[PDB]
Structures are given as C-alpha cells and as structure tokens.
2 protein chains.
Amino acid sequence: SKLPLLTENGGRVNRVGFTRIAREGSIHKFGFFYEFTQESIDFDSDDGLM
Amino acid sequence: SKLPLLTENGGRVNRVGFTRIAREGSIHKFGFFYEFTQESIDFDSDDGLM
C-alpha cells in the first residue's frame with residue numbers, strides 16, 4: 001500500500017523525516033582510611049607491619 | 001494406441017504441428033523527497049546533520 005510513486009514531471013508527492021536521541025552518564029566518589037599510633041609500631045613484636 | 005506405424009505403401013499418414021507462446025514484462029517508477037529550512041540548518045546544535 002505504501003509504495004512511493006511518481007510520473008515524468010513530479011512535484012510534492014512523498015515526504016520523510018528524521019529523529020535523534022541522546023544518552024547520559026555520571027560520576028561518583030569513594031574513599032576510606034585508617035589510623036595508628038607511634039607506640040604501636042615501635043613496640044610491636046613484628047617488623048614491617050606497615 | 002497412438003504409435004506412428006508405417007506401411008509398405010504409405011503416404012499422407014502421420015502429420016504433426018508445432019506451437020509457440022510469448023511472455024511480457026513492464027517497468028514502473030518510484031521516488032520521494034524531503035524538505036528543510038534555513039533556520040533549522042543554522043541554529044541546530046549539531047553541525048553536519050545534512
């Protein structure tokens with residue numbers, strides 16, 4: 001049924017159109033830490049604990 | 001029953017004929033178009049849409 005058709009001199013018969021779409025992304029942040037004391041590292045029985 | 005059998009003295013006994021047929025085909029025309037404006041081409045965010 002929907003087949004484009006024209007004659008020898010053709011004007012204003014079949015029109016088309018176009019469309020575009022968009023996407024997204026985002027960023028987050030993370031972290032953690034730990035704490036110690038000097039007496040712990042100095043008087044520990046194990047060297048190289050750090 | 002329908003074998004072509006000849007005889008010692010025979011003429012005008014077994015005639016045959018032939019036939020031919022014809023085929024045909026035709027061509028058609030297709031086409032379509034699209035339109036735009038100067039405002040769309042100039043003020044569109046993305047260049048090279050065309």
# chains A, B, ... in the order shown; residues from 1 in each chain; ligands from 1

call {"tool": "residues_around", "arguments": {"residues": "range 35-46 of chain B", "least_positions_apart": "4", "cutoff": "12 Å", "atoms": "only C-alpha atoms", "output": "mmCIF file with N, CA and C atoms, in the first residue's frame"}}
result
data_model
loop_
_atom_site.group_PDB
_atom_site.id
_atom_site.type_symbol
_atom_site.label_atom_id
_atom_site.label_comp_id
_atom_site.auth_asym_id
_atom_site.auth_seq_id
_atom_site.Cartn_x
_atom_site.Cartn_y
_atom_site.Cartn_z
ATOM 1 N N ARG A 12 5.965 17.467 -5.185
ATOM 2 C CA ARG A 12 5.262 17.338 -3.906
ATOM 3 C C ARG A 12 4.456 16.046 -3.808
ATOM 4 N N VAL A 13 5.136 14.901 -3.781
ATOM 5 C CA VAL A 13 4.424 13.634 -3.672
ATOM 6 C C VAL A 13 4.669 12.980 -2.316
ATOM 7 N N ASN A 14 5.925 12.680 -1.984
ATOM 8 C CA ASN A 14 6.227 11.869 -0.811
ATOM 9 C C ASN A 14 7.293 12.541 0.043
ATOM 10 N N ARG A 15 6.999 12.697 1.333
ATOM 11 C CA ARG A 15 7.910 13.365 2.253
ATOM 12 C C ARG A 15 8.300 12.419 3.377
ATOM 13 N N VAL A 16 9.497 12.647 3.921
ATOM 14 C CA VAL A 16 10.047 11.844 5.005
ATOM 15 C C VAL A 16 10.619 12.775 6.065
ATOM 16 N N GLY A 17 10.940 12.197 7.221
ATOM 17 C CA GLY A 17 11.516 12.961 8.308
ATOM 18 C C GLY A 17 12.431 12.094 9.150
ATOM 19 N N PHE A 18 13.109 12.738 10.100
ATOM 20 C CA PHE A 18 14.170 12.092 10.862
ATOM 21 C C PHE A 18 14.106 12.507 12.328
ATOM 22 N N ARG A 20 16.441 12.004 16.342
ATOM 23 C CA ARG A 20 17.654 11.635 17.060
ATOM 24 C C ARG A 20 17.358 11.519 18.549
ATOM 25 N N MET B 50 23.217 17.294 7.753
ATOM 26 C CA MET B 50 22.825 17.009 6.376
ATOM 27 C C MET B 50 23.461 15.719 5.875
#

call {"tool": "closest_atom_pairs", "arguments": {"of": "chain B", "to": "chain A", "cutoff": "9 Å", "atoms": "only C-alpha atoms", "output": "Markdown table"}}
result
| residue | atom | partner | partner_atom | distance |
| --- | --- | --- | --- | --- |
| B:28 | CA | A:5 | CA | 8.3 |
| B:29 | CA | A:5 | CA | 5.9 |
| B:30 | CA | A:5 | CA | 4.4 |
| B:31 | CA | A:4 | CA | 5.5 |
| B:32 | CA | A:14 | CA | 4.8 |
| B:33 | CA | A:15 | CA | 5.3 |
| B:34 | CA | A:15 | CA | 5.0 |
| B:35 | CA | A:15 | CA | 7.6 |

call {"tool": "write_last_selection", "arguments": {"atoms": "C-alpha atoms", "output": "PDB file, in the first residue's frame"}}
result
ATOM      1  CA  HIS B  28       7.319   1.284 -13.088  1.00  0.00           C
ATOM      2  CA  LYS B  29       8.511   4.498 -11.424  1.00  0.00           C
ATOM      3  CA  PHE B  30       9.371   5.296  -7.788  1.00  0.00           C
ATOM      4  CA  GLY B  31      10.552   8.363  -5.885  1.00  0.00           C
ATOM      5  CA  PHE B  32      10.384  10.507  -2.767  1.00  0.00           C
ATOM      6  CA  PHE B  33      11.799  13.729  -1.333  1.00  0.00           C
ATOM      7  CA  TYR B  34      12.237  15.797   1.830  1.00  0.00           C
ATOM      8  CA  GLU B  35      12.380  19.470   2.795  1.00  0.00           C
TER       9      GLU B  35
END

call {"tool": "select_by_dssp", "arguments": {"residues": "chain A", "states": "alpha helix (DSSP H)", "output": "list in words"}}
result
residues 38, 39, 40, 41, 42 and 43 of chain A

call {"tool": "write_last_selection", "arguments": {"atoms": "C-alpha atoms", "output": "JSON list (two decimals), in the first residue's frame"}}
result
[["chain", "number", "residue", "atom", "x", "y", "z"],
["A", 38, "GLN", "CA", 53.61, 5.53, 67.32],
["A", 39, "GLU", "CA", 53.80, 3.29, 70.39],
["A", 40, "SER", "CA", 52.10, 0.53, 68.40],
["A", 41, "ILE", "CA", 54.65, 0.49, 65.58],
["A", 42, "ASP", "CA", 57.62, 0.98, 67.91],
["A", 43, "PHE", "CA", 56.74, -1.70, 70.47]]

call {"tool": "atom_distance", "arguments": {"atom1": "CA of residue 27 in chain A", "atom2": "CA of residue 47 in chain B"}}
result
27.7 Å

call {"tool": "atom_distance", "arguments": {"atom1": "CA of residue 23 in chain A", "atom2": "CA of residue 49 in chain B"}}
result
17.9 Å
